[PDB]
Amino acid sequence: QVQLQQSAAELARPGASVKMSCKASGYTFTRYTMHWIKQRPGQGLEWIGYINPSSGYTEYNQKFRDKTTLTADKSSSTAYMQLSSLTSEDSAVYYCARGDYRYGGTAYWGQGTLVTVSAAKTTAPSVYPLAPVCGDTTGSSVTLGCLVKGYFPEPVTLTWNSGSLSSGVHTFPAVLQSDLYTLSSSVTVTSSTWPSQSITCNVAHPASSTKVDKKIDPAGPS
């Protein structure tokens, strides 16, 4: 059946180029066009352009025409998109989608190829314990945290007590802050459990081969 398989995520420096691919299957490639679409968070969706591989004819949204090249190899049922002179603005997820005049649109989309444009170097995160500075009065429970600051690239993986403690966990998506990634996780336990029992945040950053196992200790006596 109909599938559009996009190439893997790319990391690129400002000023460089990338070229991604979109392998089509489950249909006669020459009977359809290939559309491309950009997505940035809360920027919504932008139409890039399309190619008709049977002729090689292309059409671009004027905004993308200068730095974007759509090509296709009919013989391998694969469409390509080349982004040049990359800036932070080009950090996004890009989709290919099959255009069909009978349908009047794009019925099938690829899974997306993430492009990160960054001058950052590989950096292990700093891991900070987040204890309460104040006891919670109505609180029978307690919420502890772990701040994972200033790493590159993604991902990190975070567990508590080496996986042992997985109930009441919320591990959040990373944000970009001063050109490095930050995330956090919280775990909620009953107040009788901590600090009588140790709770450790275990962070692994495969890129840098670094693991950090930070014990959450309470603040000093008040």
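Numbering starts at 1 and follows the sequence shown.
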Quiz item: Of the two stretches 83 to 91 and 108 to 116, which shows the higher Cα B-factor on average in the entry?
Solution: 83 to 91
Quiz item: Which has the higher mean CA temperature factor in the PDB entry, 187 to 195 or 31 to 39?
Solution: 187 to 195
Self-check item: Out of 68, 182, 61, 54, residue topping the C-alpha B-factor column of the entry
Solution: 54
Quiz item: Compared with the other modelled residues in the chain, in which third is the CA B-factor of residue 78?
Solution: lowest
Quiz prompt | Modelled-residue ranking by C-alpha temperature factor, third containing residue 135 | solution = highest
Exercise. Relative to the other modelled residues of the same chain, rank the CA B-factor of residue 97 and answer lowest, middle or highest third.
Key: lowest
Quiz item: Is the Cα B-factor recorded for residue 2 in the lowest, middle or highest third of its chain?
Solution: middle
Self-check item: Modelled-residue ranking by C-alpha temperature factor, third containing residue 145
Solution: highest
